[PDB]
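Going down the list, the protein sequences come from chains G and S. Anchor point for the first sequence: position 3 equals 3 in the working numbering, and the numbering is continuous, going up by one each time. For the working numbering, add 214 to where a residue sits in the second sequence, where the first one is 1. By construction, the Cβ of each residue, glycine as well, lies at the ideal position given by its N, Cα and C atoms. Okay, structure first, notes after.
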Amino acid sequence: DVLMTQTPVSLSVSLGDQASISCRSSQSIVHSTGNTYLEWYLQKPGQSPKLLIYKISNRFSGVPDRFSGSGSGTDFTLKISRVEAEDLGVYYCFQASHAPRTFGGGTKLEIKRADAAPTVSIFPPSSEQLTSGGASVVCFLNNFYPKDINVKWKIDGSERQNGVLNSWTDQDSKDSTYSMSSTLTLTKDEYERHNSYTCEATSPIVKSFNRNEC
Amino acid sequence: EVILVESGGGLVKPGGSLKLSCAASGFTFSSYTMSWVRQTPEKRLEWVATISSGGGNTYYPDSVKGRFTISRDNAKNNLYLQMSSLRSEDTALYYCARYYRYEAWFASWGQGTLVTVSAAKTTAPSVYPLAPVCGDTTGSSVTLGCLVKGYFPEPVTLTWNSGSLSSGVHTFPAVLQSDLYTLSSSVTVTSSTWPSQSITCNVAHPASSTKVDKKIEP
C-alpha cells in the first residue's frame, strides 16, 4: 500500500531555532478536487498525539502560529519556526487520501542544550528483598545531557558486572535534560559475598557504598 | 467539552476476545464519524477502524478485517470495537478518535486503554524502598527511590505521598525481561524534608488488585 517515509527519524535542534520535517509518499496524493488529506500530529511525552496541520497546510485550532505545513511535490514538510522546549515530542504524518490509511514512522524532536553532568546516586538493596533471596542495587543518573552516557558497575573494587537493566526517560520539557536508572540485579548470596559497590558515570562520576547493611 | 474515554483494555490469552468501549461526550456523537487508532510498543501508529455517522458503513484495514469489528451505540454515545481471533501483533494502546467533518481525521483522541495479548500470567509487583546507606546526606538535598520488580502486565501506577510529591519526581519507563516488568522512580527532596517527615511510595497494579504504600525509612 502507499507508504509514507519521514526524514529524519531524530532531530536535535537548538532552542528558538527553526526545524523542518520531511514526509514523502510512494505515489502522488494531491487531489484535483479540494480534499487532499495529509495531516501532521505531535505526541508530547506521555500524552495522546494531537492535531497540528490538516489538509496539507492548514493550521488546527490552538496550534501556535509558528507551525507551517508546506508539503508540495511528493515531499510534505512541516516547519517549526520558533522551536520551544514545549515542542519536543514525536511528529507523525498521516495520509488519508488513499483507502489504506497509513502513518509515517515518526520524527523525535530533541532540544539541544549545554552539556550537564548527572547527579548520580547509588542505593543498596532493601532488607525485604534480601529476605526473598534477591539483591538489586539501583543507581540514578538524574538530569544530564546529552543522552549518550555510560555507567559501569564495580563490585569489590574491580568486578565490572554486566547483568544490568538500564532505563532512560525522554527529554524533560522544563530543563531539556535526561535521566536514567541502572539496576544491577544479583542474588542475595552472590551479593552477601562482597562488600563495595560502585556506580561510575562516563573523568568519571563515581558513587559507592560498603557492606550489605548499615 | 469534547471528551473521549476508551475502556476495557486488558490482558488476554491469544485467540481470546475482548471489547473496547469509547464513551464520547461534549458533542453530537451521531453527527460525527468515529475511528480506532492503535500504537504498537515500538511507538508506531496504526489505523484500525472507521465508522460513519449513522453507523453501518464500516471500514477496516487489511490486517484486522474478519477479526476486529467496529460498531457504535448512538443513543448512549458509545463507540465499540469487537476483537476476535487475537494475536500477539494486536498488543497495543488503543485510541478512539473523532472526525472533524470535512476538515481533519483524528481531531480528538482519548487517554488510551492498553490491551496485552499474551499467554503470560498476571504477576503482582514487589515494591522495595530505596534510600542512601545510613541515610547519608548529599548536601542540601536527598534523593529517594522506589523499585517495583517483576509484574505483568504493564499497567502500573506509582505516586509519592498520594500525589503531594510531584515536583522532583522521575518515573523511569518499564523494562520488560523474561515476561516480567521492572520500573523505578526517584524523588529529590531537601535535607529538611525526608528524615523529618517520612515519604511514602504508593504503587497500584490494577491487573492484580495490588495497591501498596511503602514508606521510605533510613
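Hey, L88 of chain G and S136 of chain G are a contact pair by Cβ (cut 8 Å); roughly how many whole angstroms apart?
Within the first sequence, the letter at position 88 stands for residue 88 of chain G. Within the first sequence, the letter at position 136 stands for residue 136 of chain G. With a Cβ gap of about 31 Å, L88 of chain G and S136 of chain G do not count as contacting.
Contacting positions in the stretch 86 to 114 of chain G - beta carbon closer than 8 Å to chain S
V90, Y92, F94, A96, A99, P100, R101, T102, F103, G105 and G106
May I have the straight-line CA-CA distance separating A334 of chain S from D17 of chain G, to the nearest angstrom?
In the second sequence, counting from the first residue as 1, residue 334 of chain S sits at position 120. In the first sequence, counting from the first residue as 1, residue 17 of chain G sits at position 17. Taking the straight line joining both Cα atoms gives about 47 Å.
Does any C-beta atom of chain S lie closer than 9 Å to the C-beta of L51 of chain G?
For the purposes of this step, residue 51 of chain G is taken as residue 51 along the first sequence, with counting starting at 1. True, the Cβ-Cβ gap to chain S drops below 9 Å.
Using a Cβ-Cβ cut-off of 6 Å (strictly less than) and excluding sequence neighbours within five positions of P367 of chain S, which residues of its own chain qualify?
One-based indexing of the second sequence puts residue 367 of chain S at position 153. Around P367 of chain S: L225, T330 and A421.
Who are the neighbours of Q129 of chain G on chain S, taking C-beta pairs under 9 Å?
Looking up residue 129 of chain G in the first sequence gives position 129. Going along chain S in sequence order, the residues near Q129 of chain G (Cβ under 9 Å) are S340, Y342, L361 and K363.
What residues in its chain sit with their C-beta under 6 Å from that of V426 of chain S, if we drop five residues either side in the sequence?
Looking up residue 426 of chain S in the second sequence gives position 212. Once the five neighbours on either side are set aside, the close Cβ partners of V426 of chain S are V341 and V417.
So what does DSSP say about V216 of chain S, is it helix, strand or coil?
Here residue 216 of chain S is taken as the residue at index 2 of the second sequence, counted from 1. Residue state, collapsed to three classes: coil.
As assigned by DSSP and simplified to three states, the class of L3 of chain G:
Position 3 of the first sequence, counted from the start, is the residue given in the question as residue 3 of chain G. Looking at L3 of chain G - three-state DSSP - the assignment turns out to be coil, as it is neither helix nor strand.
At the 9 Å Cβ level, is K55 of chain G part of the contact set with chain S, yes or no?
As a working note, residue 55 of chain G is residue 55 in the first sequence. Interface residue, yes.
Chain-ordered chain S contacts of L165 of chain G [CB-CB under 9 Å]:
For this step, residue 165 of chain G is matched to residue 165 along the first sequence. The answer, in chain order, is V389, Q391 and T396.
I need the straight-line Cα distance from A237 of chain S to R286 of chain S, nearest angstrom please.
Taking the first residue of the second sequence as position 1, residue 237 of chain S is located at position 23. Taking the first residue of the second sequence as position 1, residue 286 of chain S is located at position 72. In a straight line, the C-alpha of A237 of chain S is about 10 Å away from that of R286 of chain S.
Leaving out five residues before and five after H419 of chain S in sequence, what residues of the same chain have Cβ atoms less than 7 Å from its Cβ?
To locate residue 419 of chain S, count along the second sequence from 1; it is residue 205. So the qualifying residues of the chain are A338, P339, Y365 and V370.
Going by DSSP in three states, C23 of chain G sits in which element: helix, strand or coil?
Here residue 23 of chain G corresponds to residue number 23 of the first sequence, with the count starting at 1. In this structure, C23 of chain G counts as strand in the three-state DSSP scheme.
Could you tell me the alpha carbon to alpha carbon distance between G326 of chain S and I21 of chain G, rounded to whole angstroms?
Indexing the second sequence from 1 puts residue 326 of chain S at position 112. Indexing the first sequence from 1 puts residue 21 of chain G at position 21. Computed Cα separation, rounded: 26 Å.
Which one of G:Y54, G:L15, G:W40 and G:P204 has the shortest CA to CA distance from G34 of chain G?
Within the first sequence, numbered from 1, the residue matching residue 34 of chain G stands at position 34. Comparing Cα-Cα distances from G34 of chain G to each of G:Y54, G:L15, G:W40 and G:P204, the minimum goes to G:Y54.
Go ahead and pull the three-state DSSP assignment for residue 215 of chain G.
Past the edges of chain G, shown from 1 to 214, lies residue 215 of chain G, and the structure says nothing about it.
Determine, for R211 of chain G, whether the minimum Cβ-Cβ distance to residues of chain S falls below 9 Å.
Here residue 211 of chain G refers to the residue found at position 211 when the first sequence is read from its first residue. Chain S contact via Cβ: present.
Quick check on the DSSP output: what are the complete beta strand (DSSP E) runs of length 3 or more inside the stretch 83 to 160 of chain G, in order along the chain?
90 to 95, 107 to 112, 119 to 123, 134 to 144 and 151 to 155
Decide if the stretch 46 to 53 of chain G is in contact with the stretch 100 to 110 of chain G; the criterion is three or more beta carbon pairs, one per stretch, under 8 Å apart.
no
Sort out for me which residues DSSP pairs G359 of chain S with in a bridge.
Here residue 359 of chain S is taken as the residue at index 145 of the second sequence, counted from 1. DSSP lists S:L344 and S:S400 as partners of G359 of chain S.
Residues in the stretch 252 to 273 of chain S having any Cβ partner in chain G nearer than 9 Å
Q253, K257, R258, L259, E260, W261, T264 and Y273
Does DSSP put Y274 of chain S in a helix, in a strand, or in coil?
On the second sequence, position 60 is the one that residue 274 of chain S refers to. Of the three classes helix, strand and coil, the one that applies to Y274 of chain S here is coil, per DSSP.
Interface residues of chain S facing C199 of chain G [CB-CB closer than 8 Å]:
Taking the first residue of the first sequence as position 1, residue 199 of chain G is located at position 199. Near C199 of chain G there are no residues of chain S at all, since even the closest Cβ is about 12 Å away, more than 8 Å.
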